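Nothing in this text is a laboratory measurement; each read-out follows from the coordinates by a stated rule. A quick note on method: Cβ atoms are made from the backbone with ideal geometry, for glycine too, and the neighbour counts reach across all protein chains shown.
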Amino acid sequence: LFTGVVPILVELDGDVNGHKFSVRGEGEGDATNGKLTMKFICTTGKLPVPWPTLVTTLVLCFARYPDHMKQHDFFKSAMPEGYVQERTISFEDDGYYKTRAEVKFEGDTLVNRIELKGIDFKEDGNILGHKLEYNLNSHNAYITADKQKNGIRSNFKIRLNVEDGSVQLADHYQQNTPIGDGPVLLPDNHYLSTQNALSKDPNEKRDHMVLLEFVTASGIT
């Protein structure tokens with residue numbers, strides 16, 4: 001199921017300050033190397049928010065988990081029925097992102113269907129005003145188990161590059177719960193390291209983003 005290359009489909013429907021938009025992405029994932037190759041397309045015209053603010057929202061089941069940490073891989077253990085990924089993202093001196101996604105297998109394709117909602121964003125801010133650089137700094141995240149909520153939690157921050165040279169933080173509050181509320185693997189505390197590369201397709205005329213992502217788990221010998 002995750003031994004070789006798995007095709008990926010991402011569907012995002014959301015709106016920020018009432019500005020509706022949709023994003024569709026296609027690609028493939030390689031969990032053996034924690035590698036992800038995707039191409040996202042804004043199917044409603046121009047994206048009202050910068051692409052770097054949607055990378056974390058747009059599939060941790062493809063993260064590289066070494067053998068000694070296979071007993072702590074919640075994302076793969078919930079497959080193929082899948083899990084739910086809820087997030088509350090708070091942007092520094094700006095609005096909030098509220099997302100809910102379902103990551104499961106629909107046939108031979110790993111599907112991530114998301115619903116986003118941004119509340120009370122400044123129309124002249126860095127988000128709605130498109131003042132961020134086309135980059136995403138590397139970051140780590142602490143993963144902990146939630147025996148009471150029958151899932152896992154994760155709180156981490158992202159450093160976004162502003163075009164004026166400054167740095168804007170985005171506090172992420174993540175919660176994952178298996179689809180169906182069935183028996184869940186409770187992992188020990190560990191870390192997830194991410195590396196992202198954002199580029200453009202020289203033949204694509206629509207608003208899009210090409211992404212090369214590398215996710216690796218660590219913290220348990």
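Legend: calculated FRET efficiency, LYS98 to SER166, from the Cβ-Cβ distance at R0 = 35 Å, rounded to 0.05, equals 0.90.
Within a straight-line Cα-Cα reach of under 19 Å, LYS200 can be paired with the following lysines, leaving aside sequence neighbours fewer than 8 residues apart in one chain: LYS35, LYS39, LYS46, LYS131. Ranked by the mean number of other Cβ atoms within 10 Å per residue, highest first, peptides 156-165, 110-119 order as 110-119, 156-165. If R0 is taken as 35 Å, the Cβ-Cβ distance between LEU186 and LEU9 corresponds to a FRET efficiency of 0.75. Using 1/(1 + (r/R0)^6) with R0 = 22 angstrom and r between the beta carbons of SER218 and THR37, what's the FRET efficiency to the nearest 0.05? Between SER218 and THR37 the formula returns 0.50. Dipole size of the chain about its Cα centre, with +1 on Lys/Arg Cβ and -1 on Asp/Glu Cβ: approximately 200 debye, rounded to the nearest 20.
Applying the criteria of a DSSP loop state and at most 10 other Cβ atoms within 10 Å to the chymotrypsin sites (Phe, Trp or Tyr not before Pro) of the range 72-129 yields no site. When you filter the trypsin sites (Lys or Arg not before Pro) in the range 1-57 for DSSP loop state and at most 11 other Cβ atoms inside 10 Å of their Cβ, you are left with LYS46. Packing, taken as the mean count of other beta carbons within 10 Å per residue, orders the peptides 201-208, 172-179 from highest to lowest as 172-179, 201-208.
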